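Colleague: My questions all concern the structure below.
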Amino acid sequence: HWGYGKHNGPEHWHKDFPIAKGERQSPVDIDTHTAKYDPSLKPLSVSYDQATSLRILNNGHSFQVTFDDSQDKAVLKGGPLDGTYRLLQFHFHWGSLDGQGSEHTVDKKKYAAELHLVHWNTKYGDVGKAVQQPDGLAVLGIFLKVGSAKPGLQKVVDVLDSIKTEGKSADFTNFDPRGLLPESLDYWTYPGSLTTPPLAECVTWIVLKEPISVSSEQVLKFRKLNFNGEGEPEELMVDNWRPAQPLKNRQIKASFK
Ligand SMILES: O=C1NS(=O)(=O)c2cc(-n3cc(CCO[C@H]4O[C@@H](CO)[C@@H](O)[C@H](O)[C@@H]4O)nn3)ccc21
Ligand SMILES: O=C1NS(=O)(=O)c2cc(-n3cc(CCO[C@H]4O[C@@H](CO)[C@@H](O)[C@H](O)[C@@H]4O)nn3)ccc21
Ligand SMILES: [Zn+2]
Ligand SMILES: [Zn+2]
């Protein structure tokens, strides 16, 4: 009923999810010359030392690594946020070729991929309640460019052969998501939405300025995953990105000059 193909892709999503044409949809193009430096924005606090990864799963739209969010173990605070947001999962969006794959763009530039670390506001008790609130989630977005390998991604890439098709999962304990972060935490921020159905308008977006570099071999492994289930016609999981949506009545703020 929804995907990234011609007949069920982003241009169709509004029929089942009318909020797709809403006032705070994501992703957006980040126009760097219109984003305003906000000296009131605090440094982002990423506290991932006690993260407990659980599983890696092909859900037919991406692959995701899930975390134990039943306690304040891996949390995001600070930056534009009030209160504490627990890490639930990370996943990626990527392209069929290196010149596309990201969801956010920077002055219309598309990156080869984009990493989303999804966190929810503990004031609302569980993620299902958080997605119904305008400040319920915080998603840390990180761009990927192709160049050198990212050592902290290799443990992910090497297990993808075991979750090739929709529905497959595997144990993925003791994975440290700090290994996926760039050096700088300079960021842009704006209020937006989930980028997949149900497209709920519950996200404070925090998009890092500095991309991470991954190797061509690493992204090639992303592109060997399948959207389909085992035994169905093979359709490579590539181009699983929603394009930029209208900014409408929103301001993007920068944490840096
Ligand atoms: O593709 C995307 N770009 S995204 O960052 O906007 C983004 C955000 C999301 N979210 C959806 C939800 C609602 C609960 O669902 C979650 O239920 C948990 C168990 O409680 C997890 O087991 C499970 O992983 C799942 O995520 N929260 N975030 C999904 C896709 C995307
Ligand atoms: O003194 C200040 N420092 S400030 O930068 O914090 C600041 C911000 C503001 N505003 C922020 C907004 C919400 C976004 O709407 C904005 O985006 C445009 C394109 O999106 C149009 O919708 C509209 O023209 C608009 O510019 N409205 N006003 C006013 C004064 C000051
Ligand atoms: Zn469906
Ligand atoms: Zn995402």
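By convention in this document, the chains of the structure tokens carry letters A, B, ... by their order, each chain's residues are numbered from 1, and ligands are numbered from 1 in the order they are shown.
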Excluding residue 103 of chain A and residues on its chain fewer than 2 positions from it, collect all residues at most 8 Å away from it, counting only C-alpha atoms, and give them as a PyMOL selection string.
Modeller: chain A and resi 27-28+93+101+105+110+113-114+241-244
Colleague: Go ahead and dump the residues you just picked, N, CA and C atoms, as a CSV table (one decimal), in the first residue's frame.
Modeller:
```csv
chain,number,residue,atom,x,y,z
A,27,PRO,N,11.2,15.3,4.4
A,27,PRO,CA,12.4,16.2,4.6
A,27,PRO,C,12.2,17.6,3.9
A,28,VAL,N,13.2,18.5,4.0
A,28,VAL,CA,13.2,19.8,3.4
A,28,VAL,C,14.5,20.0,2.8
A,93,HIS,N,18.5,5.8,4.6
A,93,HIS,CA,17.9,6.0,3.3
A,93,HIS,C,19.1,6.1,2.3
A,101,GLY,N,20.1,9.8,-2.7
A,101,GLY,CA,19.8,8.9,-1.6
A,101,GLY,C,19.4,9.6,-0.3
A,105,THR,N,18.3,17.8,1.8
A,105,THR,CA,19.3,18.3,0.9
A,105,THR,C,19.8,19.6,1.4
A,110,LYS,N,22.1,16.6,-3.0
A,110,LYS,CA,21.8,15.3,-2.4
A,110,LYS,C,23.0,14.6,-2.1
A,113,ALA,N,23.5,9.0,1.0
A,113,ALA,CA,22.6,8.4,1.9
A,113,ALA,C,22.4,9.3,3.1
A,114,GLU,N,21.5,8.9,4.0
A,114,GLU,CA,21.2,9.6,5.2
A,114,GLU,C,20.8,8.6,6.3
A,241,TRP,N,14.1,7.0,-0.4
A,241,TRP,CA,14.1,8.3,0.2
A,241,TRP,C,12.9,9.1,-0.3
A,242,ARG,N,12.3,9.9,0.6
A,242,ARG,CA,11.3,10.8,0.2
A,242,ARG,C,11.9,12.1,-0.2
A,243,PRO,N,11.5,12.8,-1.3
A,243,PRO,CA,12.1,14.0,-1.7
A,243,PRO,C,11.7,15.2,-0.7
A,244,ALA,N,12.4,16.3,-0.9
A,244,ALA,CA,12.1,17.5,-0.1
A,244,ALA,C,10.7,18.0,-0.3
```
Colleague: Counting only C-alpha atoms and all ligand atoms, give me one row per residue of chain A with an atom at most 8 Å from an atom of ligand 3, showing the shortest contact pair and its distance in Å to one decimal, sorted by chain then residue number, as a Markdown table.
Modeller:
```
| residue | atom | partner | partner_atom_place_in_ligand_line | distance |
| --- | --- | --- | --- | --- |
| A:1 | CA | ligand 3 | 1 (Zn) | 3.1 |
| A:2 | CA | ligand 3 | 1 (Zn) | 5.0 |
| A:3 | CA | ligand 3 | 1 (Zn) | 7.6 |
```
Colleague: Between atom CA of residue 230 of chain A and atom CA of residue 154 of chain A, what distance in Å does the model show, to one decimal?
Modeller: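 About the pair atom CA of residue 230 of chain A and atom CA of residue 154 of chain A: they are 24.7 Å apart.
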Colleague: Skip segment 137-149 of chain A itself and residues of its chain fewer than 2 positions away, then list as a JSON list (two decimals) with C-alpha atoms, in the first residue's frame all residues within 7 Å of it, counting only C-alpha atoms.
Modeller:
```json
[["chain", "number", "residue", "atom", "x", "y", "z"],
["A", 85, "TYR", "CA", 14.79, 11.68, 24.41],
["A", 102, "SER", "CA", 19.52, 11.52, 1.13],
["A", 111, "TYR", "CA", 24.07, 13.02, -0.49],
["A", 112, "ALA", "CA", 24.50, 9.31, -1.22],
["A", 113, "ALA", "CA", 22.62, 8.36, 1.93],
["A", 114, "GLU", "CA", 21.18, 9.62, 5.19],
["A", 115, "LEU", "CA", 21.26, 8.06, 8.67],
["A", 116, "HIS", "CA", 18.35, 8.71, 11.05],
["A", 117, "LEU", "CA", 18.72, 8.07, 14.78],
["A", 118, "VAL", "CA", 15.17, 8.13, 16.13],
["A", 119, "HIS", "CA", 14.53, 9.21, 19.73],
["A", 120, "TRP", "CA", 11.32, 9.79, 21.73],
["A", 121, "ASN", "CA", 10.47, 12.20, 24.54],
["A", 130, "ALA", "CA", 5.05, 10.39, 21.65],
["A", 131, "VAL", "CA", 4.20, 10.18, 17.95],
["A", 135, "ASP", "CA", 7.43, 17.55, 20.45],
["A", 151, "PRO", "CA", 34.97, 1.73, 10.60],
["A", 202, "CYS", "CA", 5.86, 14.96, 15.76],
["A", 203, "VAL", "CA", 9.58, 15.45, 15.02],
["A", 204, "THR", "CA", 12.16, 18.00, 16.05],
["A", 205, "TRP", "CA", 14.74, 17.50, 13.28],
["A", 206, "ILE", "CA", 18.43, 17.89, 14.12],
["A", 207, "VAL", "CA", 20.50, 17.59, 10.93],
["A", 208, "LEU", "CA", 24.29, 17.57, 11.33],
["A", 211, "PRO", "CA", 28.69, 14.27, 6.67],
["A", 212, "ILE", "CA", 30.34, 10.98, 7.48],
["A", 213, "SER", "CA", 32.32, 9.21, 4.76],
["A", 214, "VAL", "CA", 31.58, 5.59, 3.89],
["A", 215, "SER", "CA", 33.29, 3.50, 1.26],
["A", 216, "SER", "CA", 31.83, 2.41, -2.05]]
```
Colleague: Compile the contact shell of residue 161 of chain A as a PyMOL selection string: residues with an atom at most 12 Å away, counting only C-alpha atoms, same-chain residues fewer than 2 positions apart removed.
Modeller: chain A and resi 56-58+63+155-159+163-165+168-170+220-226
Colleague: With C-alpha atoms kept, could you save the residues just selected as a PDB file, in the first residue's frame?
Modeller:
```pdb
ATOM      1  CA  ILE A  56      18.781  -5.597  13.109  1.00  0.00           C
ATOM      2  CA  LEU A  57      15.716  -5.963  10.869  1.00  0.00           C
ATOM      3  CA  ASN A  58      14.777  -5.583   7.137  1.00  0.00           C
ATOM      4  CA  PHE A  63      16.970  -1.802   7.617  1.00  0.00           C
ATOM      5  CA  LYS A 155      29.702  -4.402  11.744  1.00  0.00           C
ATOM      6  CA  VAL A 156      26.378  -3.321  10.239  1.00  0.00           C
ATOM      7  CA  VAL A 157      27.406  -3.927   6.628  1.00  0.00           C
ATOM      8  CA  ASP A 158      28.776  -7.385   7.367  1.00  0.00           C
ATOM      9  CA  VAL A 159      25.431  -8.670   8.707  1.00  0.00           C
ATOM     10  CA  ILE A 163      18.544  -9.881   6.394  1.00  0.00           C
ATOM     11  CA  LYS A 164      18.324  -9.615   2.618  1.00  0.00           C
ATOM     12  CA  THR A 165      14.544  -9.690   2.312  1.00  0.00           C
ATOM     13  CA  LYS A 168      14.230 -11.042   8.202  1.00  0.00           C
ATOM     14  CA  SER A 169      15.974 -10.087  11.453  1.00  0.00           C
ATOM     15  CA  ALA A 170      19.068 -11.031  13.428  1.00  0.00           C
ATOM     16  CA  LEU A 220      27.177  -1.302  -2.330  1.00  0.00           C
ATOM     17  CA  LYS A 221      26.143  -3.687   0.440  1.00  0.00           C
ATOM     18  CA  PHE A 222      23.167  -1.465   1.277  1.00  0.00           C
ATOM     19  CA  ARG A 223      22.099  -1.692  -2.360  1.00  0.00           C
ATOM     20  CA  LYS A 224      22.023  -5.500  -2.373  1.00  0.00           C
ATOM     21  CA  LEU A 225      19.141  -5.588   0.097  1.00  0.00           C
ATOM     22  CA  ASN A 226      15.657  -6.296  -1.259  1.00  0.00           C
TER      23      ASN A 226
END
```
Colleague: Could you name the residues that touch residue 37 of chain A at 6 Å or less, counting only C-alpha atoms, but leaving out those on the same chain fewer than 4 positions away, as number ranges by chain?
Modeller: A: 253-257
Colleague: Under the rule that only C-alpha atoms are counted, which of A:210, A:201, A:68, A:235 is the nearest residue to residue 23 of chain A?
Modeller: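 Using only C-alpha atoms, residue 23 of chain A sits closest to A:201.
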Colleague: Please provide as an MDAnalysis selection string all residues within 8 Å of residue 83 of chain A, with the sequence filter that same-chain residues fewer than 2 positions apart are discarded (counting only C-alpha atoms).
Modeller: chainID A and resid 77:78 81 85 121:123
Colleague: Which residue, A:240, A:48, A:124, A:99, has the smallest gap to ligand 4 when you use only C-alpha atoms and all ligand atoms?
Modeller: A:240
Colleague: When DSSP is applied to the backbone of this structure, which of segment 21-203 of chain A are assigned alpha helix (DSSP H)? Write them out as JSON, numbers by chain.
Modeller: {"A": [127, 128, 129, 130, 154, 155, 156, 157]}
Colleague: Just asking: which residues within segment 98-128 of chain A are strand (DSSP E) according to DSSP, as a list in words?
Modeller: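 Strand (DSSP E) assignments inside segment 98-128 of chain A correspond to residues 105, 106, 113, 114, 115, 116, 117, 118, 119, 120 and 121 of chain A.
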Colleague: Restricting the output to C-alpha atoms, write the selected residues as an mmCIF file, in the first residue's frame.
Modeller:
```
data_model
loop_
_atom_site.group_PDB
_atom_site.id
_atom_site.type_symbol
_atom_site.label_atom_id
_atom_site.label_comp_id
_atom_site.auth_asym_id
_atom_site.auth_seq_id
_atom_site.Cartn_x
_atom_site.Cartn_y
_atom_site.Cartn_z
ATOM 1 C CA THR A 105 19.300 18.304 0.876
ATOM 2 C CA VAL A 106 21.705 21.198 1.415
ATOM 3 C CA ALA A 113 22.617 8.362 1.925
ATOM 4 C CA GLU A 114 21.179 9.618 5.193
ATOM 5 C CA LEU A 115 21.255 8.063 8.674
ATOM 6 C CA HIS A 116 18.355 8.710 11.047
ATOM 7 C CA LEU A 117 18.723 8.071 14.777
ATOM 8 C CA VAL A 118 15.167 8.134 16.127
ATOM 9 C CA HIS A 119 14.529 9.214 19.730
ATOM 10 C CA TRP A 120 11.320 9.790 21.727
ATOM 11 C CA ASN A 121 10.467 12.199 24.542
#
```
